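To begin, one chain is listed below as structure tokens, in the form deposited in one PDB entry.
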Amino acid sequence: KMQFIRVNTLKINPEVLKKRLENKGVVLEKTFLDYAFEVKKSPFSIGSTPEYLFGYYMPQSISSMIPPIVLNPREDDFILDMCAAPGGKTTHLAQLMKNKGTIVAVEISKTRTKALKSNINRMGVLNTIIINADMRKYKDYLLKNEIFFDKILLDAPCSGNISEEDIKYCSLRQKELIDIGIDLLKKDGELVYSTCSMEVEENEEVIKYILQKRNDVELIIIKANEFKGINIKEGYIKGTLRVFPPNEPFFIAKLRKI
């Protein structure tokens, strides 16, 4: 299985970090991103370097770096990260926003909220409000108070996080979450649905469900061609993307409230 790291441009320049790690015996390979590297060899556990501890990078699959790139938040945006822990994608969104605007990062589990806050503090992120709550109830609070967002990441839990039952259970949850995400989007706003599963029940089923359920949503077409070097192709709904082995299994789509 491949290992990659995302360089945290909040704190450090790609080439400064690259030189420092290569001088300690790390062998790094380019990526379709100037701030992400493939780790080819490491005398270090990569979550264990002083550089990691300083917030210089985040280890993560390259697949998992796509949803924030596709959502493409701007600097001053107001952003919801619906299912946020451990914060891989929350800190990615913050880096893309350069620590401007606001991310509301929501996490159901109390324990996982710990890991989320740790990642955020470690990566030096300042634009993020951590909510420990069930999104399905937290959204009434947001709706009552008219708190709509410019762009939303729904990076949903997946069957793999933990059978046919696992998949059916996750799919149902994902369908609940996405309807909620559309409800919380400003008119003309953008939601990315992603998940660590390439199973169609968690993928195009959830997309087909929301398109038939609602009249106020439009599929935005995403293209693979940008994502060089990644085993990524079009889903079975045009303009959706599925990532395959030997990349980490993943699915990404993008919607617009009309």
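Residues carry their position along the shown sequence, with the first being 1. So that the term is clear: the rigid core is the largest set of C-alpha atoms that superpose within 1.5 Å between two forms.
Just so you know, the form deposited in another entry exists too; it's not on screen, but the next bit is about it.
- For the residue set 217, 200, 69, 39, core-aligned C-alpha shifts between the shown form and the other one reach 2 angstroms or more at a single site, 200.
- Here residue 141 does not count as shifted, since its C-alpha moves by less than 2 Å between the shown form and the other one after the core is aligned.
- Once the rigid core is overlaid between the shown form and the other one, residue 174 does not reach a Cα shift of 2 Å, moving by less than that.
- Compared with the form shown here, the Cα atoms of residue 169 and residue 181 move at least 3 Å closer together in the other form.
- Note: the CA-CA distance for residue 200 and residue 228 expands in the other form relative to this form, by 3 angstroms or more.
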